[PDB]
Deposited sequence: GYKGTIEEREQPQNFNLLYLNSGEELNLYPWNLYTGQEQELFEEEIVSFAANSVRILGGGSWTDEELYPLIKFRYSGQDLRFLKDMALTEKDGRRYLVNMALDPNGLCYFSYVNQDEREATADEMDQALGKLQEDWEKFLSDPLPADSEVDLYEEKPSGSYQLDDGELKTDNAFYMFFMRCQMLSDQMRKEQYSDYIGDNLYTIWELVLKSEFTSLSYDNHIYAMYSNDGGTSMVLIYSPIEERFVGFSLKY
């Protein structure tokens, strides 16, 4: 039942479909600060601002997009990651934190991961504002909320807070569909009005390692 995409298929999540490769490096400190904190809170690494700032190089598009493409990081224990991010006029619309050396999940692990995801989702639907957890939805929403709070506490620009309700509401009210691509499960949600999202689930880590949100 889980659909896999084949080698002849490239799947680009919003807004990478708009990426041309002509975008121009542009340093904006509030975006850099937000991205450094996104790496720590959404991704989970320990790098400091002093280590990340020199590596966070956003590229600006005349479509009013900012892209951070394949920023390479190495954890203190040697794990290698690529971080991708993007901002559009509504804020943070894409984040992913992907371990480049993770093992390939077997067919059975993928199926089990999809089962866990379904179970976590049903628990979320029964209790979407719970009052601690290995529920992937709860963990991901709590990280998103912490990022927003972290930015507001520091009075820096909060590029995720305006999107939190929409993300929650999509998971709550949409049908959950999925496919497998590139050793991840893409959990897909959308509404009648054209808003859609993909949550990027790692079956190895048993958590969401990214998302794409398109209004």
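- Taken in order along the deposited sequence, the stretches absent from the coordinates are 1-15, 147-168.
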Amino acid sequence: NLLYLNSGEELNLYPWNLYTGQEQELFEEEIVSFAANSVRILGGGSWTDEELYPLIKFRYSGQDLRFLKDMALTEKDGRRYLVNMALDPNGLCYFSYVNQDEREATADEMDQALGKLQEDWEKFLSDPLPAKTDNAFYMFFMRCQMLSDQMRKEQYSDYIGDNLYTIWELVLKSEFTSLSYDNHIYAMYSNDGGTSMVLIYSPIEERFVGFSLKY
From here on, numbers count along this sequence of modelled residues.
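- In this entry, the higher average B-factor at the C-alpha atoms falls on 107-115, of the pair 107-115 and 93-101.
- Stretches 43-51 and 29-37 differ in mean C-alpha B factor, with the higher average recorded for 43-51.
- For the set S61, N163, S180, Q155, the PDB entry assigns the largest Cα B-factor to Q155.
- When the CA B factors of the chain's modelled residues are split into thirds, the value for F140 lands in the middle one.
- For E169, the recorded CA temperature factor ranks within the middle third of the chain's modelled residues.
- The deposited CA B-factor of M188 belongs to the lowest third of values across its chain.
- Annotation for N84: CA B-factor lies in the lowest third of the chain's modelled residues.
- Ranked by C-alpha B-factor against the other modelled residues of its chain, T195 falls in the highest third.
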